[PDB]
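A.B. asks: Take a look at the following structure, please.
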Amino acid sequence: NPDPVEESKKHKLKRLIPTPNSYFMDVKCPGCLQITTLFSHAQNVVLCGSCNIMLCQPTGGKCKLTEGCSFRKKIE
Amino acid sequence: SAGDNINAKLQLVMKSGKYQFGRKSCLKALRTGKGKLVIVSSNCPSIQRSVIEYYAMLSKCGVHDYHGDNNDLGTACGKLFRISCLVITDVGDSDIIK
Amino acid sequence: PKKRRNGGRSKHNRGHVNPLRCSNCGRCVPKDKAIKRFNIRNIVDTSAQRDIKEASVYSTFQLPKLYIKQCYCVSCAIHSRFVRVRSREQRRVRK
Amino acid sequence: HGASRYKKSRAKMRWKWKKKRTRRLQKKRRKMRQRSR
Amino acid sequence: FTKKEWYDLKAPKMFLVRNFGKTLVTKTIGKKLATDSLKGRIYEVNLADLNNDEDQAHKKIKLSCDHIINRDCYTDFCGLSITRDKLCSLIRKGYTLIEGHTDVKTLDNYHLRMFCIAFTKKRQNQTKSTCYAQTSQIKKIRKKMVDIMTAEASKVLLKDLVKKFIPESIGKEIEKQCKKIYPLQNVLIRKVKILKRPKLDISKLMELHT
Amino acid sequence: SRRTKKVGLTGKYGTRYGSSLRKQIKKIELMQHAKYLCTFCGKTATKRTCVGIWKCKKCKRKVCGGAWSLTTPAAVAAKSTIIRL
Amino acid sequence: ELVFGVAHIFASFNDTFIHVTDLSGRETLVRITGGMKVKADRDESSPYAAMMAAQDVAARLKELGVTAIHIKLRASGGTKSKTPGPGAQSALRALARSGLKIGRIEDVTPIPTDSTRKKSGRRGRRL
Amino acid sequence: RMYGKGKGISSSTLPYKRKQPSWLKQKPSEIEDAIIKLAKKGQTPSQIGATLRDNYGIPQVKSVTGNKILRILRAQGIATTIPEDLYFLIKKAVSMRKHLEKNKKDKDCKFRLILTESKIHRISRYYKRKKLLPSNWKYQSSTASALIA
Amino acid sequence: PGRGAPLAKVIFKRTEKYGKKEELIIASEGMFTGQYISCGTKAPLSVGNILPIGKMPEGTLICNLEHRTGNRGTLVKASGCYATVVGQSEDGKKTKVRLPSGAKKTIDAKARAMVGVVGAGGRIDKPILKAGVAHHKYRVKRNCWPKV
RNA sequence: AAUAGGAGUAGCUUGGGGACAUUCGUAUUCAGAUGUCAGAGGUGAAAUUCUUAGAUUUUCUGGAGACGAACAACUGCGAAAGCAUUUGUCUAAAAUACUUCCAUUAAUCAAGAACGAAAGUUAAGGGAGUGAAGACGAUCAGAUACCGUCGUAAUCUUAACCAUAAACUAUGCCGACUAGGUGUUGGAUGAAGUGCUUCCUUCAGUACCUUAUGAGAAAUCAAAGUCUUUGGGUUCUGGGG
């Protein structure tokens, strides 16, 4: 009955209603501790602000961050 | 790839710098110190290349060898006549100078 | 007609393939169609092997095996009874 | 006839040979025209 | 016929048995002094039949005839080959062969060529019958294998390099390096050929021999 | 307007001689008078002045070359082989 | 004490060659074919012919004085066939029976890495 | 797909919420300035939007600002004479031709040259129908490097 | 006027007297006016240099072989020819080369040759269309024609 | 901002896609050695053939062209023809992922064009093996054939042509909708074996099995279905022998 099926979330991008599986993330760097806006699925290198040390390594999936760091979802 | 990167930078310079190409302009630019960077095609007659290199070295600016040939450096600078040597005398907002 | 769904050969997603040549008559045959038998064969019989072991040094001697792999064309394969005729319904049977 | 030549259900002589025989005949006619004209 | 004469075949110091047979050689008459006919021929010795150890039975060594005194031939190292049955046995479909090779030179200035084979391993969570690696991966594995072998070969004197071949060190090293990128299985050196041996010194050859 | 359907450069020979012979000449002559690019300057001015001798008009400089071209393929392969070492 | 020679056995679907030699290859001991021992102008492939040939070479080799043999088998070749011919088994059996000591046995059949084009047409031998 | 085979459903698609999301507090003026700077320093518009999204943290400039990025670039006057997509296609054509000029035997590269050349003509025809290209512009095999300079 | 290959005017500076002396070398293809030409045992393998055959790497293409040493070049001089070096003996001293006819020959190592193919390649590709061209060809050679 | 389209960006994405350079292996063959001694090749049976001036066979050096097995599949890539050794360089490609850009740019297409197996042609090299022609020996009442031995042209590279092939999924191409299960090659998402590995979910390739109160003249077909309940768009083609 495809009007309002709740557990359809698992289907491919292009469902009953479009919805991105991509979001923005509030991230901070271990030992430097400044807030940064960042994109889950970022496509080019991502630096920490005070001294440019890499944060996230881009690669063609969801992107792999670094071993460190802590991440809130930045959805309102 | 490295050459292509130079060519892209050069394309920016061509669009928004101040530049001049040809022997006499090159000599005046270096002599003045107006020049910031000299870009020389491989083909160039040896004696002229040598003089430009010496002048540039003397007036303390870089000389950079262009990967291809005289026509190609001209088409890279958007012109339909071969070029041999050009002097950037003011960079555009480009990453060229480093 | 159109007896064989895949024409007795494994061609899909491929325009062309190499011929290999039939070992028992030399004819050309496409590798996707050819009847391949990885015949593992011993250099001699058992009673021969027994006599060789008896004769041999070492006493832990072991006879060497033969590694061949023979490719047959359709005519040869059916003639020397590698592949039986079978029956119309059972033509998709294998293993 | 039409494009699908061959098909030997009828038992007619080999299509390729018929083609070879006819190609030879055509050559000979073409040669004769060359002498005449 | 009647004019032949036996000569004993000795092998260098590292091998255990060091008497791998007797060879007959034709007539002693001038101007062809028999020694010349004896010199330069080549011997395929099974490696097991040289140590007395059947775990090396799928390897054979080439030993070349290079120096003679009277009744004795002492020989030099000439190459290393795998027995064709063993090579076939390793090959079974659903696994994928990887073959490297390269040219390399010794500290002694022998130029050699090495042919190195390597097979994939299934490992336990895989299930699925086929185990083939990505082509990009096999290319990386092949380069890595070539790199290890040329580095290992280049280092030492020839006698030690040959000695290294005997308990098969090279394969173990190749497997350990490649494990991170892909699991491997029975990794051997299929063939070794000497390409350009340096000019002979009887002194050095015998001193190595004793 | 378009003078010949085929012949071009070899039209000077006229109705004389074999067509096949003329065709072979046509290929070599098209190659022969072709202006090569001069790798001593970047102009397309290199011409043949005599059997093996190729002058650039702009550079006033003589390149030694083939019979019918600035570069024969044999020489090009040899040159590359040397370069590689 | 013991001494080894190398017994090259070539079986083709005609002849079964027994050619035993010195350990270096170079320098023969006895070449004796299979065709030698039978006047039939067939049956150079035969087990029987091969058996006769084997016993005589074994007898001669014992007279000569090398006691024992390594066997190097060879089937025809990549340009014709990879199958060891019929009499090869017979020759091996006869040699073991004879009383010589039977050392390492190896296949050195000449295989082609490639596939250089073999004789008979694309449509192969039609016999 | 336009040429070859295969549908290829790779795509990327905006959420249902089409307003500015509350978390981003940057105002239009700052973002306008930033976009202009990136272009001026030499970057191509598709890259500028992507670069802006990741580095500066703005998804969907059309929600955070009143106007699409090509339009604002044009409004501030800085936008390229040849449209971006056409320009890159011409670049691809020039490179391909350079290879073919050196090497005359590559059948696939020549097949691709015909295919790409046709694609340029189709896109060019659309740009002529708009007023984003000069009417007497044409593209030629000869001119191609020089053309896009 | 004799041969298809052009001749190359080469200047050296004398080794026991002041000033410049001119020789005539036969030109390799791809060489040019204002090129520096080097001759000798230590000369680098590069086109149009003159080197002893003993110092070639194998499979190089050469011309101007001296059939025996010091003879100033006597094999491989006609247009578009070359020889190939095919081998160096283990004790050195001799070298093995291939003349363009199809024979293999063995020469002394210290014999000269010139790196690169002889100039004016492909000369007999072009057909001689008319009799007068043949007349002009023989006119600068030798009276030997028309044949009869 | 079209599960339309194009363009972009990203990943130690992918692959026997293309091109050029490059490199190695093996047999076969030639030449040079080497030891042997009578037959060896050849077959349904045999002969023609080759062999005491040492064949066949043994092993080694050097040369040469050819091919690149095994691994290798109801596998991969290519518009299709087609494409399988090594590394490099130059190239293209598709999928995926993408809160990146453009905003209908499209679909199929008479005209015209690009590529287009194999043979054949023209020209230079090149020439191992194979081998239309041809020559013999056989087989047969006969054999211009099947079989055998030898053997030009062609086969290979370069440079032109030729424009056809049962050039075959004998299934035009684009678009929506239908029904399961078994797999498999390529990505991406989650969870569970020792960062990595696996499995789950899901795309795009791609086959198979079962099922068609679907279809078909049946064979059979997940398209040949959604059709006298006949019309989603379009190019081409056929009309008894």
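Chain identifiers are assigned as A, B, and so on, following the order in which chains appear in the structure tokens; residues are numbered from 1 within each chain, and ligands are numbered from 1 in order of appearance.
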What residues in chain A have any atom no more than 10 Å from chain H when counting only C-alpha atoms, and can you write them as a list in words?
C.D. replies: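 So the contacting residues turn out to be residues 13, 14, 17, 18, 19, 20, 21, 22, 23, 24, 25, 36, 37, 38, 39, 40, 41, 42, 43, 44, 45, 46, 47, 74, 75 and 76 of chain A.
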A.B. asks: Output N, CA and C atoms of each residue in that selection to a file, as a JSON list (two decimals), in the first residue's frame.
C.D. replies:
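Contents of selection25.json, as written:
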[["chain", "number", "residue", "atom", "x", "y", "z"],
["A", 13, "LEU", "N", 18.41, 6.17, -3.27],
["A", 13, "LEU", "CA", 18.12, 7.55, -3.58],
["A", 13, "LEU", "C", 17.25, 7.70, -4.83],
["A", 14, "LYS", "N", 15.98, 8.08, -4.58],
["A", 14, "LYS", "CA", 14.79, 8.08, -5.42],
["A", 14, "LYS", "C", 13.78, 7.08, -4.90],
["A", 17, "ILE", "N", 9.42, 10.07, -1.79],
["A", 17, "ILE", "CA", 9.78, 11.48, -1.75],
["A", 17, "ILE", "C", 11.30, 11.53, -1.76],
["A", 18, "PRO", "N", 12.01, 12.26, -2.63],
["A", 18, "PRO", "CA", 13.44, 12.51, -2.53],
["A", 18, "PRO", "C", 13.90, 12.92, -1.16],
["A", 19, "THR", "N", 15.04, 12.41, -0.70],
["A", 19, "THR", "CA", 15.60, 12.87, 0.56],
["A", 19, "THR", "C", 17.07, 12.65, 0.48],
["A", 20, "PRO", "N", 17.95, 13.57, 0.76],
["A", 20, "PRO", "CA", 19.37, 13.31, 0.72],
["A", 20, "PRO", "C", 19.81, 12.46, 1.89],
["A", 21, "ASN", "N", 20.77, 11.55, 1.67],
["A", 21, "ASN", "CA", 21.34, 10.74, 2.72],
["A", 21, "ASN", "C", 22.63, 11.38, 3.19],
["A", 22, "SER", "N", 22.78, 12.65, 2.84],
["A", 22, "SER", "CA", 23.94, 13.46, 3.06],
["A", 22, "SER", "C", 23.56, 14.63, 3.93],
["A", 23, "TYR", "N", 24.44, 15.00, 4.86],
["A", 23, "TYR", "CA", 24.10, 15.96, 5.88],
["A", 23, "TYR", "C", 25.33, 16.77, 6.24],
["A", 24, "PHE", "N", 25.17, 17.81, 7.06],
["A", 24, "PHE", "CA", 26.31, 18.58, 7.50],
["A", 24, "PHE", "C", 26.53, 18.29, 8.95],
["A", 25, "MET", "N", 27.78, 18.38, 9.35],
["A", 25, "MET", "CA", 28.25, 17.86, 10.59],
["A", 25, "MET", "C", 29.02, 18.94, 11.29],
["A", 36, "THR", "N", 34.09, 23.54, 13.74],
["A", 36, "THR", "CA", 34.04, 23.70, 12.28],
["A", 36, "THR", "C", 32.84, 23.01, 11.67],
["A", 37, "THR", "N", 32.12, 23.76, 10.81],
["A", 37, "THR", "CA", 31.20, 23.32, 9.77],
["A", 37, "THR", "C", 31.82, 22.39, 8.78],
["A", 38, "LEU", "N", 31.22, 21.22, 8.52],
["A", 38, "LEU", "CA", 31.80, 20.29, 7.60],
["A", 38, "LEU", "C", 30.73, 19.41, 7.02],
["A", 39, "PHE", "N", 31.01, 18.86, 5.84],
["A", 39, "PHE", "CA", 30.08, 18.18, 5.00],
["A", 39, "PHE", "C", 30.44, 16.71, 4.98],
["A", 40, "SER", "N", 29.54, 15.86, 5.50],
["A", 40, "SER", "CA", 29.60, 14.44, 5.23],
["A", 40, "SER", "C", 29.47, 14.18, 3.73],
["A", 41, "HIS", "N", 30.52, 13.60, 3.13],
["A", 41, "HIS", "CA", 30.73, 13.45, 1.70],
["A", 41, "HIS", "C", 31.48, 14.62, 1.09],
["A", 42, "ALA", "N", 32.35, 15.31, 1.85],
["A", 42, "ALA", "CA", 33.24, 16.34, 1.32],
["A", 42, "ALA", "C", 34.21, 15.88, 0.24],
["A", 43, "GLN", "N", 34.37, 16.68, -0.84],
["A", 43, "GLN", "CA", 35.02, 16.23, -2.05],
["A", 43, "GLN", "C", 36.41, 16.78, -2.25],
["A", 44, "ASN", "N", 36.91, 17.64, -1.36],
["A", 44, "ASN", "CA", 38.26, 18.14, -1.46],
["A", 44, "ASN", "C", 38.76, 18.32, -0.05],
["A", 45, "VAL", "N", 40.09, 18.42, 0.12],
["A", 45, "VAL", "CA", 40.72, 18.35, 1.42],
["A", 45, "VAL", "C", 40.21, 19.38, 2.41],
["A", 46, "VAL", "N", 40.22, 19.05, 3.71],
["A", 46, "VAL", "CA", 39.54, 19.83, 4.70],
["A", 46, "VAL", "C", 40.54, 20.11, 5.78],
["A", 47, "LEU", "N", 40.77, 21.38, 6.11],
["A", 47, "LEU", "CA", 41.79, 21.77, 7.06],
["A", 47, "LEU", "C", 41.19, 22.17, 8.39],
["A", 74, "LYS", "N", 24.64, 18.59, 12.21],
["A", 74, "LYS", "CA", 24.42, 20.02, 12.20],
["A", 74, "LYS", "C", 23.10, 20.38, 11.56],
["A", 75, "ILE", "N", 22.20, 19.39, 11.41],
["A", 75, "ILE", "CA", 20.80, 19.62, 11.09],
["A", 75, "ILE", "C", 20.12, 20.49, 12.13],
["A", 76, "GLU", "N", 19.20, 21.37, 11.70],
["A", 76, "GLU", "CA", 18.51, 22.20, 12.66],
["A", 76, "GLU", "C", 17.47, 21.39, 13.47]]
A.B. asks: With a cut-off of 7 Å and counting only C-alpha atoms (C1' of nucleotides), select all residues of chain A in contact with chain J and give the selection as a PDB file with N, CA and C atoms, in the first residue's frame.
C.D. replies:
ATOM      1  N   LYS A  10      15.244   2.542   3.796  1.00  0.00           N
ATOM      2  CA  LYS A  10      16.299   1.711   3.301  1.00  0.00           C
ATOM      3  C   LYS A  10      16.431   1.690   1.783  1.00  0.00           C
ATOM      4  N   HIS A  11      15.429   2.145   1.011  1.00  0.00           N
ATOM      5  CA  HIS A  11      15.526   2.147  -0.439  1.00  0.00           C
ATOM      6  C   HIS A  11      16.497   3.170  -0.995  1.00  0.00           C
ATOM      7  N   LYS A  12      17.057   2.898  -2.194  1.00  0.00           N
ATOM      8  CA  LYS A  12      17.834   3.790  -3.051  1.00  0.00           C
ATOM      9  C   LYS A  12      17.439   5.262  -3.059  1.00  0.00           C
ATOM     10  N   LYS A  14      15.978   8.076  -4.578  1.00  0.00           N
ATOM     11  CA  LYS A  14      14.792   8.079  -5.420  1.00  0.00           C
ATOM     12  C   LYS A  14      13.776   7.078  -4.898  1.00  0.00           C
ATOM     13  N   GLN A  43      34.366  16.676  -0.837  1.00  0.00           N
ATOM     14  CA  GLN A  43      35.019  16.231  -2.053  1.00  0.00           C
ATOM     15  C   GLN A  43      36.414  16.775  -2.248  1.00  0.00           C
ATOM     16  N   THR A  59      37.400  10.954  -0.239  1.00  0.00           N
ATOM     17  CA  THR A  59      37.398   9.771  -1.070  1.00  0.00           C
ATOM     18  C   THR A  59      35.952   9.593  -1.422  1.00  0.00           C
ATOM     19  N   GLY A  60      35.635   8.763  -2.421  1.00  0.00           N
ATOM     20  CA  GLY A  60      34.411   8.898  -3.187  1.00  0.00           C
ATOM     21  C   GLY A  60      33.149   8.462  -2.498  1.00  0.00           C
ATOM     22  N   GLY A  61      33.256   7.906  -1.286  1.00  0.00           N
ATOM     23  CA  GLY A  61      32.102   7.645  -0.449  1.00  0.00           C
ATOM     24  C   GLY A  61      31.742   8.805   0.445  1.00  0.00           C
TER      25      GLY A  61
END
A.B. asks: Between atom CA of residue 128 of chain I and atom CA of residue 69 of chain F, what distance in Å does the model show, to one decimal?
C.D. replies: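 Atom-to-atom, atom CA of residue 128 of chain I to atom CA of residue 69 of chain F, that is 17.6 Å.
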A.B. asks: Quick one: everything within 9 Å of residue 32 of chain A, counting only C-alpha atoms (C1' of nucleotides), minus sequence neighbours fewer than 2 positions away in the same chain. Send it as a list in words.
C.D. replies: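 In the requested format, the answer is residues 28, 29, 30, 34, 48 and 50 of chain A.
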A.B. asks: Output C-alpha atoms for every residue in that selection, as an mmCIF file, in the first residue's frame.
C.D. replies:
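Listing of out_12.cif after writing:
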data_model
loop_
_atom_site.group_PDB
_atom_site.id
_atom_site.type_symbol
_atom_site.label_atom_id
_atom_site.label_comp_id
_atom_site.auth_asym_id
_atom_site.auth_seq_id
_atom_site.Cartn_x
_atom_site.Cartn_y
_atom_site.Cartn_z
ATOM 1 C CA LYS A 28 36.005 19.782 16.200
ATOM 2 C CA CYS A 29 39.708 18.793 16.060
ATOM 3 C CA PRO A 30 41.368 16.964 19.018
ATOM 4 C CA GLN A 34 37.721 25.122 17.512
ATOM 5 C CA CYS A 48 41.656 22.723 10.724
ATOM 6 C CA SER A 50 44.397 27.845 13.341
#
A.B. asks: Quick one: pick out all strand (DSSP E or B) residues within segment 17-96 of chain B from a backbone DSSP run and write them as an mmCIF file with N, CA and C atoms, in the first residue's frame.
C.D. replies:
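As written to disk, part-v2.cif reads:
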data_model
loop_
_atom_site.group_PDB
_atom_site.id
_atom_site.type_symbol
_atom_site.label_atom_id
_atom_site.label_comp_id
_atom_site.auth_asym_id
_atom_site.auth_seq_id
_atom_site.Cartn_x
_atom_site.Cartn_y
_atom_site.Cartn_z
ATOM 1 N N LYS B 18 49.436 42.493 -16.406
ATOM 2 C CA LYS B 18 50.042 43.317 -17.436
ATOM 3 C C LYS B 18 51.251 42.556 -17.932
ATOM 4 N N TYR B 19 51.344 42.340 -19.248
ATOM 5 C CA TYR B 19 52.440 41.592 -19.826
ATOM 6 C C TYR B 19 52.863 42.140 -21.168
ATOM 7 N N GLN B 20 54.042 41.717 -21.647
ATOM 8 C CA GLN B 20 54.596 42.118 -22.924
ATOM 9 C C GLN B 20 55.433 40.993 -23.491
ATOM 10 N N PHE B 21 55.298 40.676 -24.787
ATOM 11 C CA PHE B 21 56.137 39.665 -25.407
ATOM 12 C C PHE B 21 57.016 40.215 -26.515
ATOM 13 N N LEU B 37 58.569 38.053 -13.821
ATOM 14 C CA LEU B 37 58.795 36.678 -14.205
ATOM 15 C C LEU B 37 58.920 36.587 -15.710
ATOM 16 N N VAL B 38 59.939 35.877 -16.207
ATOM 17 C CA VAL B 38 60.160 35.697 -17.622
ATOM 18 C C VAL B 38 59.850 34.268 -18.007
ATOM 19 N N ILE B 39 59.099 34.035 -19.097
ATOM 20 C CA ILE B 39 58.731 32.692 -19.516
ATOM 21 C C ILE B 39 59.196 32.511 -20.931
ATOM 22 N N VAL B 40 60.106 31.553 -21.135
ATOM 23 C CA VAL B 40 60.873 31.389 -22.354
ATOM 24 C C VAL B 40 60.626 30.056 -23.028
ATOM 25 N N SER B 41 60.215 30.081 -24.302
ATOM 26 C CA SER B 41 60.063 28.864 -25.083
ATOM 27 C C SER B 41 61.373 28.178 -25.384
ATOM 28 N N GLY B 62 62.866 35.169 -11.762
ATOM 29 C CA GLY B 62 62.881 33.836 -12.335
ATOM 30 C C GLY B 62 62.704 33.795 -13.826
ATOM 31 N N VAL B 63 63.299 32.764 -14.422
ATOM 32 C CA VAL B 63 63.076 32.424 -15.800
ATOM 33 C C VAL B 63 62.513 31.044 -15.738
ATOM 34 N N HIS B 64 61.464 30.769 -16.515
ATOM 35 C CA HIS B 64 60.841 29.473 -16.474
ATOM 36 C C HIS B 64 60.740 28.925 -17.871
ATOM 37 N N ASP B 65 61.252 27.702 -18.047
ATOM 38 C CA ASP B 65 61.216 26.993 -19.293
ATOM 39 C C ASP B 65 59.823 26.507 -19.602
ATOM 40 N N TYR B 66 59.315 26.775 -20.806
ATOM 41 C CA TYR B 66 57.994 26.318 -21.179
ATOM 42 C C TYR B 66 58.097 24.937 -21.786
ATOM 43 N N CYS B 85 59.393 34.556 -25.997
ATOM 44 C CA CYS B 85 59.619 35.041 -24.668
ATOM 45 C C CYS B 85 58.606 36.104 -24.320
ATOM 46 N N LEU B 86 58.102 36.057 -23.087
ATOM 47 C CA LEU B 86 57.255 37.093 -22.574
ATOM 48 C C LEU B 86 57.691 37.427 -21.184
ATOM 49 N N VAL B 87 57.332 38.628 -20.748
ATOM 50 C CA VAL B 87 57.606 39.107 -19.434
ATOM 51 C C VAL B 87 56.303 39.526 -18.829
ATOM 52 N N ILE B 88 55.969 38.916 -17.688
ATOM 53 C CA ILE B 88 54.911 39.405 -16.846
ATOM 54 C C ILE B 88 55.447 40.599 -16.108
ATOM 55 N N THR B 89 54.768 41.748 -16.181
ATOM 56 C CA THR B 89 55.260 42.948 -15.519
ATOM 57 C C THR B 89 54.322 43.346 -14.423
ATOM 58 N N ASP B 90 53.165 42.689 -14.348
ATOM 59 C CA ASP B 90 52.356 42.711 -13.172
ATOM 60 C C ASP B 90 51.566 41.434 -13.228
#
A.B. asks: Excluding residue 7 of chain G and any residue of its chain fewer than 5 positions from it, enumerate the residues within 10 Å of it, using only C-alpha atoms (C1' of nucleotides), and give them as a PyMOL selection string.
C.D. replies: chain G and resi 17-23+25+29-31+68-73+102+105
A.B. asks: Using backbone DSSP assignments, extract all alpha helix (DSSP H) residues from chain F; output them as a list in words.
C.D. replies: residues 19, 20, 21, 22, 23, 24, 25, 26, 27, 28, 29, 30, 31, 32, 73, 74, 75, 76, 77, 78, 79, 80, 81, 82, 83 and 84 of chain F
A.B. asks: Please provide as a list in words all residues within 12 Å of residue 85 of chain H, with the sequence filter that same-chain residues fewer than 4 positions apart are discarded (counting only C-alpha atoms (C1' of nucleotides)).
C.D. replies: residues 44, 45, 46, 47, 80, 81, 89, 90, 91, 92, 119, 120, 123, 124, 126 and 127 of chain H; 6, 7, 8, 101, 102 and 105 of chain J
A.B. asks: Return the neighbours of chain C among the residues of chain J, cut-off 12 Å, counting only C-alpha atoms (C1' of nucleotides), as number ranges by chain.
C.D. replies: J: 16, 69-70, 72-78, 80-84, 117, 167-170, 205-209, 218-221
A.B. asks: Considering only C-alpha atoms (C1' of nucleotides), extract the chain J residues located within 8 Å of chain G and return them as a PyMOL selection string.
C.D. replies: chain J and resi 25-28+34-37+39+57-59+66-69+129-130+146-147
A.B. asks: To one decimal place in Å, what is the distance between atom CA of residue 69 of chain B and atom CA of residue 55 of chain F?
C.D. replies: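 These two atoms are separated by 20.0 Å.
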A.B. asks: Skipping near chain neighbours, those fewer than 3 positions away, what residues fall within 9 Å of residue 96 of chain H using only C-alpha atoms (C1' of nucleotides), listed as number ranges by chain?
C.D. replies: H: 91-93, 99-101, 109-110, 112-113; J: 91-92
A.B. asks: For the residues in that selection, give me C-alpha atoms (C1' of nucleotides) as a PDB file, in the first residue's frame.
C.D. replies:
ATOM      1  CA  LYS H  91      39.241  22.097 -24.397  1.00  0.00           C
ATOM      2  CA  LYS H  92      38.688  18.348 -24.560  1.00  0.00           C
ATOM      3  CA  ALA H  93      38.464  18.555 -28.337  1.00  0.00           C
ATOM      4  CA  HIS H  99      47.122  13.491 -29.837  1.00  0.00           C
ATOM      5  CA  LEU H 100      45.612  12.587 -33.221  1.00  0.00           C
ATOM      6  CA  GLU H 101      47.907  15.039 -35.038  1.00  0.00           C
ATOM      7  CA  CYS H 109      40.395   8.401 -30.828  1.00  0.00           C
ATOM      8  CA  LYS H 110      39.304   9.348 -34.354  1.00  0.00           C
ATOM      9  CA  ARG H 112      35.688   9.891 -30.480  1.00  0.00           C
ATOM     10  CA  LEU H 113      36.786  13.003 -32.360  1.00  0.00           C
TER      11      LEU H 113
ATOM     12  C1'   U J  91      44.850   8.710 -24.812  1.00  0.00           C
ATOM     13  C1'   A J  92      39.853   7.869 -24.280  1.00  0.00           C
TER      14        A J  92
END
